[PDB]
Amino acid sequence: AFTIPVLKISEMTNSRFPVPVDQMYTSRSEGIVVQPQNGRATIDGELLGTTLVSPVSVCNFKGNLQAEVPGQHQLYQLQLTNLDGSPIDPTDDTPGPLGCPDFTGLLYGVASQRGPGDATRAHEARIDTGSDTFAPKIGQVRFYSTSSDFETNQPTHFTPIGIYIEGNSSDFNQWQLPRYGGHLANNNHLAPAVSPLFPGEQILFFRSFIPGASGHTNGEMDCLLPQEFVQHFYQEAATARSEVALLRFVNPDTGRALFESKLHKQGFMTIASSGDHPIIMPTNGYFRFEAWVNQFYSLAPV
């Protein structure tokens, strides 16, 4: 049988950045192609894009510190491995390595090392996922740091923390996919763009405000499914008995329900709403699976 976990919004994890979900949010997404590559799974358990199941891995990188780049101080070259330690394989049926950021911007975090022996060191670092040299698909990623305290040829981890706003073209765009293969390459194996097809409906997003390290940004990061749903679908692999799972957002405090949403088989939710706005609800509220409906099932607004 098909099920979804009982979770308060505040208990959900963002599938595109390793922080909790802050609020439900809906938008028209006017003139935007919504094509995130993280937090993509079908309801019958097939992972898509660069989606992995670990809730703490998205936007992390691992690899060897190859060298400091010639000519540019405290810019360091990583030769990536996959997050699981295995070599990068550009022939994988993915756009890039699992967990790789699916947005362009200055990703701010910490690069740490262990080695030689148990000697360790860690410092702030930034990775520009929009730069020409950003090519995780073939394991080539550079990070900038304000420290020169990094050892060559030692295992290096990048732990993401937030976004750094310089105030120019490299600015955080959550819907702009990076060129996973680098400047000269076209993306492939992409999870498809999503949009609402039924009149009156909009996609329901799970939004987090990720930390900012500099500049002005609300750090808005919208995922299609909380990571817990991704994990659950993967784990259960339940048969999708129709194209749409009807879900109901219920308030355990009153015992009564607030709205319904359509969970599409391909892994995204829609609601009957119009306009760009937060969907604020009683904090103990959660979704419950009600029935198998089709893509023409008609929802009351809100």
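One rule holds for the numbers: they count along the sequence shown, beginning at 1.
Of the other compared PDB entries of this protein that include residues on both sides, all give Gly96 atoms, none of them, and so not a third, leaving it without.
Of the other compared PDB entries of this protein that include residues on both sides, at least a third leave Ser170 without atoms. Stretch comparison (255-263 versus 63-71) by mean CA B-factor in the PDB entry places 63-71 on top. Of the two segments, 44-52 and 26-34, the one listed with the higher mean B-factor is 26-34 (C-alpha atoms only). When the Cα B-factors of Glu228, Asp102, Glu151, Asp222 are read from the PDB record, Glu151 comes out highest. Looking only at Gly109, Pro211, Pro90, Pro136, the residue with the top Cα B factor in the deposited structure is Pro90. Among all modelled residues in this chain, the alpha-carbon of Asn14 has a temperature factor (C-alpha) in the lowest third. Ranked within its chain, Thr239 lands in the highest third, by CA B factor from the PDB record.
Sort the chain's modelled residues by C-alpha temperature factor and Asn218 lands in the middle third, per the entry. In this PDB entry, the Cα temperature factor of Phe143 sits in the middle third of its chain's modelled residues. Among the modelled residues of its chain, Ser131 has a C-alpha B-factor that falls in the highest third according to the deposited record.
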